[PDB]
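Asks: The following block contains the structure, expressed as structure tokens.
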Amino acid sequence: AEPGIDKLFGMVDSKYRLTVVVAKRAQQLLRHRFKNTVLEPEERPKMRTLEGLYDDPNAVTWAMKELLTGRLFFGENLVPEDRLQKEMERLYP
Amino acid sequence: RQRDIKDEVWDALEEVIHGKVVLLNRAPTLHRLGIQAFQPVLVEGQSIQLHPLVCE
Amino acid sequence: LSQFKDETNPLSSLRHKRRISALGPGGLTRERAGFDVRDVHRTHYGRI
Amino acid sequence: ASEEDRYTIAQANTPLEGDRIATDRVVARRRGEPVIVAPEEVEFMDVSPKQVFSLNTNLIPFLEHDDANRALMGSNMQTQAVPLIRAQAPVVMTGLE
Amino acid sequence: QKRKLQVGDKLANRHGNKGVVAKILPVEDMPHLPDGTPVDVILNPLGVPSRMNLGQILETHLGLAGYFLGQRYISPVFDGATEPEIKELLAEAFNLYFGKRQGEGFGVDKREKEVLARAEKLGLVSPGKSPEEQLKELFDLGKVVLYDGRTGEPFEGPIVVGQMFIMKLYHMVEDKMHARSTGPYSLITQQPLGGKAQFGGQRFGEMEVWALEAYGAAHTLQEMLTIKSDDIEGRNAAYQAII
Amino acid sequence: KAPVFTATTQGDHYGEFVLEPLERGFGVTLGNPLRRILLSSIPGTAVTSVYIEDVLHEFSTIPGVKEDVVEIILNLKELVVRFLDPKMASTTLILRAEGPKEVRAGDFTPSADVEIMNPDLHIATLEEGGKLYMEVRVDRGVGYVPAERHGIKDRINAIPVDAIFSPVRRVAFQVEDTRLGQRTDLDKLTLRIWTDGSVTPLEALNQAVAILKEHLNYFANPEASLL
Amino acid sequence: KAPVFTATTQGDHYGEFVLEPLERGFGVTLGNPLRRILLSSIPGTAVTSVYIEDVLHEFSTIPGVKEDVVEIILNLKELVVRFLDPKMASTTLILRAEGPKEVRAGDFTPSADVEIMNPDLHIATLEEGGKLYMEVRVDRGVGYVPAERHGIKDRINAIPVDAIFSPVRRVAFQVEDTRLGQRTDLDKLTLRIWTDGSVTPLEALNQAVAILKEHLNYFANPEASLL
Amino acid sequence: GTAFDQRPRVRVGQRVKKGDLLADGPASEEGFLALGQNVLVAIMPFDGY
Amino acid sequence: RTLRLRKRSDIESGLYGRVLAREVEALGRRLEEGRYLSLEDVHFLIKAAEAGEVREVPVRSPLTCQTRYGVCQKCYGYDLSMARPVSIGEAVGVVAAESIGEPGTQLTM
Amino acid sequence: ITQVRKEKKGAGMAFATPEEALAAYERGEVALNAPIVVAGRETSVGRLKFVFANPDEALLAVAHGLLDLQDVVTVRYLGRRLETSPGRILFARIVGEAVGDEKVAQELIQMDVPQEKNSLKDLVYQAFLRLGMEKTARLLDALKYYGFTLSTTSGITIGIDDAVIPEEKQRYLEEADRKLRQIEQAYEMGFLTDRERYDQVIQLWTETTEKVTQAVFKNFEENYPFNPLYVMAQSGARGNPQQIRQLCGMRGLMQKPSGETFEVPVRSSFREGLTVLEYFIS
RNA sequence: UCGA
Ligand SMILES: [Zn+2]
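Residue numbers (full-length UniProt numbering), protein chains in the order written: chain A, 2 to 94; chain B, 679 to 734; chain C, 391 to 438; chain D, 488 to 584; chain E, 829 to 1071; chain F, 7 to 233; chain G, 7 to 233; chain H, 634 to 682; chain I, 1130 to 1238; chain J, 792 to 1073.
As structure tokens, then:
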């Protein structure tokens, strides 16, 4: 299974809320290409390949491992959606 | 054209595969369990391997 | 009643020709098929 | 069917003693109604039990030991059969092949 | 084309036992017999009692004798071989087999003893009798001694084996297999064309939709109903996004 | 003590090997692993590819021949050809058979560093007037490689066939109670090797033990770690 | 090709070894021999019998001591020692316990070259005025020898104990199909090894493979007898 | 798609009574119906396969 | 004419994942109103019923539920797959319909 | 693997001391698992003979070829004196090592009765609830792997002689054979009319079906408890009592296409085989 | 009209 799934289910009331979180966060991770991540070098999920071991290209897994630390924040109507994208695409290319 | 399928593409495929899962369905679909998410594993043969437990 | 011959093997055709169907034109349809036609009558025996 | 329904037909598995009936209990029916019948009252008998089954069904050895379902399935599957290059005749067969 | 038996191909006997081909195993590791001759199939007993077809059991029993005696058999429907006769055939076959064994300068294997012990304890063979008579009483039962090719230590109990007539059914993976990414769409609606012929994608049934609703996956079902099916710019902009 | 090892040879086909005594149950521990490597990695031939002037494929019929192409090919891979030359990776066999004669393995064109262990192997029957020209190409390899997996490209009509190398027909090992030894409950290992004659049972057991020891020596220094 | 060998261990007890990759069918071929040897071989510890003061039967209880005789025997079975020289294959240990005490394998009186590698092991609990004296006998065997297969009484009334010889407690191997490039047919052979601590899994395994090639070299000198 | 093949079973010359078989058929061996092949089956669970 | 205890499978099917409508007192232990009943809880109510202390269990039900066009957590209770109170947004109508639909293939005997 | 073997060979042999039974196993007067009484305590040859201080010793002794997984012995498992079989200890060990801690494992598993369909289900639920989803997943796959390989090593097969017919078959069938002539005599005596005679015959063949079914199950439990068919039925692998009944005892009276039950029962089983009548009527 |  996905490691920490019990904990993740425990992190929110509805599992669907978790799904939405992971989805949106993975989306954000795809937008800036992992440069917006909250994970440190040892925390970076890595996929092993015969060519070489690099950071796992899958964004969903990255979102999972991300929220697993709880360094992120989530909730309904947390901040205006307006400035949400203005200072997001700003900080990272 | 020309299915060479060089090892490069066999590995590249896995480079875009790993971490993502595909839904497996068995008709008739009655229980919702008739569709379950499964991690794709590149394997020989044209047959699809399914775990014996969920076969029930 | 007239359709593709079964050439999958000699016995395939050999049996295909000996089959008896209550369907087709002049026969019945799945909508009207009851346990009467589906059942084997006591007099079937060596006939069917 | 009606013609048969008139008389009483014995079984091919009846105790043939060399052209005469052996035991005084002979398996026979009327209209499809199994009864134990004396060697007197029997007017008829079926040739071979094979007549009760079709070709493919008759091609299944030890058919009496298989359920009607699976027998049906096997005989129906013999039609789905495909030719093999090296294909070999069955070791145990009903001899109708 | 010359199609050789593949993994996942339909297989059956005359007794109504179906199945496909699961992972053809190397000739190296096989549950063989003392003569070193490996088994060709190894079916699963589980399907037997449910189906109540013992015809395959008897076909195997007769074949076990047929492999040795070197003669085929004819057993008509509702007329033919019985348990004593078949057991006699197996008795003769064993009498010749063990004869070739002792005659080739051999004797009872220690592994054979290992199986015969527990076979005797469960009451499968009459105690006090020599391993000759025990393996004999086991043989005519259809059961024999089998050595696992992977390990080389035998199986903790006897295993019925023999010649079964098995049929290779029509259905094959080389044909029935199929899949699609992007391709033909119907003229009326922009949905694809189901089936291998038109080279289209699978249809998502109403009840599959129901299942997806039950899981509560919103964008999965949404995609199924739009992005990958009939949506005009959906499949296009999607394809471009993935590319 | 020191286990007595004996070898009972028959031809290039049959062989017997008796190693006794051994520790309790220890006979299997040795005997079966060798059987696996024996029945797998032993190098062999079983031809490679064939050509006929009258033949465009594995189907098209040759005049005056009862057997069709693939029907003959069925018996083509069943032919054992031993290479006397250790350095020879390839060869070609030639056959010319006309008139009412039944061809065979011993009817080919004999060449250096090649011999057939079964000249009595039946190729195809030929009726009156039936004429046939055949040529094959034989290579040495390991295991079993299907025709579909290997290419040939000898010429326009080159037909690749399946290759069963595996000179050993069958291996059967059995342990018994050996009288030898200071104690009881010991094991005499008798390993029975049945081959085609491309390689003698002794040679088979030799290169088998060789592959075994080799792969056994892959156990040299690993990279450690301690979670 | 060229199989890579890796080892991940912990302590002197647990170890794990992987041969990645390997030829198909070989992993299982290697797995059993190493397993069967490791359990049936590799000489070592295991005290054979035990004598006890004021105790004749293996049943009758010992007053002043918490656990009965049985439990004590069982705790003595879990004990592991080691010899510093090949010259001594057998020795004897002494234990004299008085008063309320917790008797460990450290409380065990030492011997000349015998080094006990099991420093803290609960053996017997001694109550008020607890009177105990015992003499245990340690021999170097292999595998597993039950108390039935060997009777031993050195003292007047002694108690033969199950000798657990092989320092290897439990093995177990496994093999899976690893992927390399195009071909997925490979063999990844992983072996897990438990030991009593006297010999690290490295030493036990290497010794086992040594025993293996040692047994394989026994095919050298055939003696020809033709049937 | 199944191939129809008739394999001659008769030698270059010999006597043949009327009704005796000469060629063969796709499912026919010697004049007996042959669908699949007779193989060696072992009844036993194998590694969950 | 002897009132008998419903076999534990029936009582499971009834009370498992259910939420208490009102407070319950049995065997010295007390069940607070709004407590989601696990298998242990149901089995305890079985023990108390065998003790003859409770012949009826008050429960919030989809029937009694006043949720408009749908149901609510405390009325529905456990999500049977995750063994925890039902997630909000879960469509239990479809899940239920399928749950009844599956056995539909076997009823004869 | 969890099934515990018991042989009737020894059959409750009461001795004074462990030595008498000790020699009794050698003399072949007492079975390994035979439920004897030594001294004052009820025990077995195995429960005495094999005594282990820990699982590893047990597994070593057994797998070295000196014992069977199903034999009843004594072992120290997690500070306990437990008297059980190496297969049981093996089970608990598998579950514990799959979950990662065998304390909670051995806590929630039954160490007494053989593991089967029901018990395993309960174990999976209890695991999912007490432990958690991922743990339960890996546990499930562990059970799958190990269980599969155990099924493999067992070499459980189905032959014709695994179908063995109860000896009381002939008896219970011929008794009913007389009973038919009885009911018929009643019909001819005027006591019974057509319909009540019919009903009497129907309940007769029904009760005979009961006699032979009970005969089948009893014949399995008393004689061949290790029989593959019976094991597949009990454990929950494959099969139900009626299927086995038709494969061992009588297949039972059939039903006319008119919707009413037939007259003459099918008698002979599937391992026996049915005549043309019984098959057609079926 | 077959496959499940
Ligand atoms: Zn509500």
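Where is the CB? At the ideal position from N, CA and C, for every residue including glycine.
Along the stretch 683 to 705 of chain B, what residues have a CB closer than 7 Å to any CB found in chain I?
Replies: Hits within the stretch: zero.
Asks: Relative to the alpha-carbon of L222 of chain F, which residue among G:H156, G:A130, G:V215 has its alpha-carbon at the smallest distance?
Replies: Taking only the C-alpha atoms, the option nearest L222 of chain F is G:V215.
Asks: Compute the Euclidean distance between the alpha carbons of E77 of chain F and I68 of chain F, then round it to the nearest angstrom.
Replies: Whole-angstrom Cα-Cα distance: 12 Å.
Asks: Alpha carbon to alpha carbon, how far is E820 of chain J from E856 of chain E?
Replies: So the alpha carbons of these two residues sit roughly 44 Å apart.
Asks: Can you name the residues of chain I whose CB is closer than 7 Å to the CB of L920 of chain J?
Replies: Ordered by position in chain I, the residues that pass the 7 Å Cβ test against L920 of chain J are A1212.
Asks: Compute the minimum distance between the beta carbon of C1194 of chain I and the heavy atoms of ligand 1, and state whether it is under 6 Å.
Replies: Result yes, Cβ under 6 Å from ligand 1.
Asks: Would you say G1029 of chain E and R1008 of chain E are within 7 Å of each other, going by their C-beta atoms?
Replies: Against a cut-off of 7 Å, the Cβ pair of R1008 of chain E and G1029 of chain E comes out as a contact.
Asks: Could you compute how far the alpha carbon of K407 of chain C sits from the alpha carbon of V649 of chain H?
Replies: Their backbone Cα atoms lie some 31 Å apart in a straight line.
Asks: Return the residues of the stretch 652 to 682 of chain H that lie within a Cβ-Cβ distance of less than 8 Å from chain E, sorted by chain order.
Replies: Answer set for the stretch 652 to 682 of chain H: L668, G669, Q670, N671, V672, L673, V674, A675, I676, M677, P678, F679, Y682.
Asks: What residues of chain J sit near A488 of chain D, judged by a beta carbon separation below 9 Å?
Replies: By Cβ distance, chain J contributes nothing, its closest Cβ being about 15 Å from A488 of chain D, past 9 Å.
Asks: Between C1039 of chain J and ligand 1, is there a pair consisting of the residue's CB and a ligand heavy atom that are separated by less than 6 Å?
Replies: Checking the Cβ of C1039 of chain J against ligand 1 gives no.
Asks: To which residues of the same chain is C1194 of chain I closer than 6 Å at the C-beta, ignoring the five residues directly before and after it?
Replies: Hits under 6 Å: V1200, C1201, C1204.
Asks: Under 7 Å between beta-carbons, which chain E residues line up against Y17 of chain A? List them in chain order, please.
Replies: Simply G1044.
Asks: With 16 other CB atoms within 10 Å as the buried threshold, where does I1217 of chain I fall?
Replies: With fewer than 16 Cβ atoms within 10 Å of its Cβ, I1217 of chain I is classed as exposed.
Asks: Check whether the Cβ of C733 of chain B sits closer than 6 Å to any heavy atom of ligand 2, and report yes or no.
Replies: What this structure holds is ligand 1, not ligand 2.
Asks: According to the neighbour-count rule (16 or more other Cβ atoms, all chains shown, within 10 Å of its Cβ), is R1137 of chain I buried or exposed?
Replies: With fewer than 16 other Cβ atoms within 10 Å, it is exposed.
Asks: What residue range is occupied by the uninterrupted alpha helix (DSSP H) comprising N671 of chain H?
Replies: No alpha helix (DSSP H) contains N671 of chain H, which is instead part of the beta strand (DSSP E) from 670 to 675.
Asks: Which value, in whole angstroms, describes the spacing of the CA atoms of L983 of chain J and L995 of chain J?
Replies: Cα to Cα, the separation comes out at about 15 Å.
Asks: Buried or exposed: where does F549 of chain D fall if 16 or more other Cβ atoms within 10 Å of its Cβ makes it buried?
Replies: Label assigned to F549 of chain D: buried.
Asks: Using three-state DSSP, classify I523 of chain D as helix, strand or coil.
Replies: Here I523 of chain D sits in strand by DSSP.
Asks: To which residues does DSSP link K971 of chain E through a beta bridge?
Replies: The partner list for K971 of chain E (beta bridge, DSSP) reads E:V988.
Asks: Look at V174 of chain G and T201 of chain G and say whether their C-beta atoms are less than 7 Å apart.
Replies: Yes, they are a contact pair.
Asks: Count the other CB atoms within 10 Å of the CB of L79 of chain A; is the residue buried (16 or more) or exposed (fewer)?
Replies: The residue is exposed, with fewer than 16 neighbouring Cβ atoms inside 10 Å.
Asks: Going by DSSP, what residue range makes up the alpha helix (DSSP H) through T97 of chain F?
Replies: From DSSP, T97 of chain F is part of no alpha helix (DSSP H) but of the beta strand (DSSP E) over 96 to 103.
Asks: Spell out a yes or no on whether the stretch 125 to 138 of chain G and the stretch 26 to 39 of chain G are touching, meaning 3 or more CB-CB pairs, one atom from each, closer than 8 Å.
Replies: At 8 Å Cβ cutoff, the stretches do not touch.
Asks: Along the alpha helix (DSSP H) that carries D426 of chain C, what are the first and last residues, could you check?
Replies: Where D426 of chain C is concerned, the enclosing alpha helix (DSSP H) stretches over 425 to 428.
Asks: Which of helix, strand or coil does DSSP assign to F934 of chain E?
Replies: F934 of chain E: coil per DSSP, three-state reduction.
Asks: Tell me the DSSP secondary structure of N38 of chain G in three-state form.
Replies: In this structure, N38 of chain G counts as helix in the three-state DSSP scheme.
Asks: For the stretch 1018 to 1052 of chain E, list the alpha helix (DSSP H) runs that are entirely contained and at least 4 residues long, ordered along the chain.
Replies: 1034 to 1043, all fully within the stretch 1018 to 1052 of chain E.
Asks: Which residue wins for smallest C-alpha separation from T97 of chain G, given the options G:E141, G:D113, G:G105?
Replies: That would be G:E141, whose Cα lies nearest to the Cα of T97 of chain G.
Asks: Tell me which residues of the stretch 31 to 43 of chain G have at least one Cβ-Cβ distance to chain E shorter than 7 Å, keeping chain order.
Replies: So the close ones are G31, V34, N38.
Asks: Given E64 of chain G, which residues of its chain have a CB within under 8 Å of its CB, disregarding the five upstream and five downstream residues?
Replies: Only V75, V76, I79, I165 meet the Cβ criterion.
Asks: Kindly indicate which residue of J:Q917, J:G1027, J:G831, J:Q991 has the alpha-carbon position closest to the one of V886 of chain J.
Replies: Answer by Cα proximity: J:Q917.
Asks: To which residues does DSSP link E833 of chain J through a beta bridge?
Replies: Paired residues: J:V828.
Asks: If we count the other Cβ atoms within 10 Å of its Cβ and call it buried at 16 or more, is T35 of chain G buried or exposed?
Replies: Under this definition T35 of chain G is a buried residue.
Asks: In terms of alpha-carbon separation, which member of G:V87, G:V71, G:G112, G:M94 lies closest to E104 of chain G?
Replies: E104 of chain G has its Cα closest to that of G:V71, out of G:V87, G:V71, G:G112, G:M94.
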